[PDB]
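Shown here is one chain on its own, the form deposited in one PDB entry, set out as structure tokens.
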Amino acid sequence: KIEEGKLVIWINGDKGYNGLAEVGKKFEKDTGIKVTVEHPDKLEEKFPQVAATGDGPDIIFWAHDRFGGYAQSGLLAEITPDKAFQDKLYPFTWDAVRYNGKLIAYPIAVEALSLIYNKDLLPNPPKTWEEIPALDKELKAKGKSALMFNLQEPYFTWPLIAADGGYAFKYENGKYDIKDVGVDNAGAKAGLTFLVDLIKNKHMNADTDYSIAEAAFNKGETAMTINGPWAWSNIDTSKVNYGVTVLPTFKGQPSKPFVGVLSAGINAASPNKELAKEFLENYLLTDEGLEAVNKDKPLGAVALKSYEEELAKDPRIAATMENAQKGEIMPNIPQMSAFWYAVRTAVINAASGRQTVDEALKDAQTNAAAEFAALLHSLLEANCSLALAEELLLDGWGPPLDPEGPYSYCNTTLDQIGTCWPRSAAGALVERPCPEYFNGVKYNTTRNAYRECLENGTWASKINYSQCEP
């Protein structure tokens, strides 16, 4: 149940959310409408879970690729900008937020990855991926390192996997052919092999994630990183003399980043659709609104014509757009979700040596990761549905229940971790053993998770998993 008369907004913790709250602060001054900006972990997975029940933010911000699946599932409200407003933004940005001929979100900015390098350690950044090994050897001799970037999100390694021929879904005749996936072709294999080889040869570390890389680059410990415009801000603070340049080639071919369009979608269940529209159109998508967010974390090349004409000057934006051109706009089709999950698992497994490059990408081609998750999941679903069946059968057609027992129960449900919470009396604090398996990780089942059945016969929304370890 979303609150009528206010706006709750979800955006990723890496973006300029304090900037956005300032825009929300101006909206509140004028209208009296309180605007709350939140930045939950894994928001692009949380949103479809909670929005599916008429809950969640009024406005959601993410790159457009996830929006097709949201619109498909009926979770986004169709947006209705007028002619004049549509002329204010670039046509190709509207294209990205079009699903089934309807416009399902507001474009905000164009995002591409670029090579960020330290000018003091590297005056001349490499033109090619191939020179990086030698370069790391030169730098390990100075107690430094060549390159660090997020190995835990497929978005970062994709440019290199795509470079020599890897692709998501084949595009032709105005359509993505969902039967033609290029995740296991010669090019994709070459790209991932090179990456796995960098790790085997100790030029990179499988464990490396967003924080490690950022902290290492911003402390002058690694010479180069791979990141988006949102990252420039912290670099400015860290006082590293940095450049933003074209991504290195692989076997001569440009790296091909998947281009994102940061977008604002209105929740279909939100009772504040008019407020959301006003906020987005009249407050955010303005020079001042965008400038406020950009000054917190750079947005990249903004969708708004008049403001982009000022940012276009910045060579860092020029590099963003050059990389963007050598890359490719992401599909917004609902299958993008399964695609990313598959490529995430392939990259992690190949990097950690759990699978060979060939085995990992074969499973990515097959969709084996998402299918196993779906197998286990549907068993847990079936089981919790059965537990519900049994409760209902006994309740309705079983021997006359306790005249002086409680009356109102929280019903048997399954949370998104896979725990089946049994039917429980209002006011009860319920224990279940920690799940045995969650996201490829095993836990100690002799510890418990905790959840409260509230006095009103509803489940608490927050579930205590704090005690579950591996």
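So that there is no doubt, residue numbering starts at 1 and follows the sequence shown.
Keep in mind the form deposited in another entry is missing from the figure; the text below concerns it.
Splitting the movement between the shown form and the other one into two rigid parts, and assigning each C-alpha by whichever superposition fits it better, I want to check if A373 and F339 land together.
Different rigid parts: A373 and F339 move separately between the shown form and the other one.
Closer or farther: how do the CA atoms of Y167 and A369 lie in the other form, compared with the form shown, if the change is at least 3 Å?
Compared with the shown chain, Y167-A369 is closer in the other form.
Have a look at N439 and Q152: in the other form, are their Cα atoms closer together or farther apart than in this form, given the change is 3 Å or more?
Here the pair is closer than in the other form; there, farther apart.
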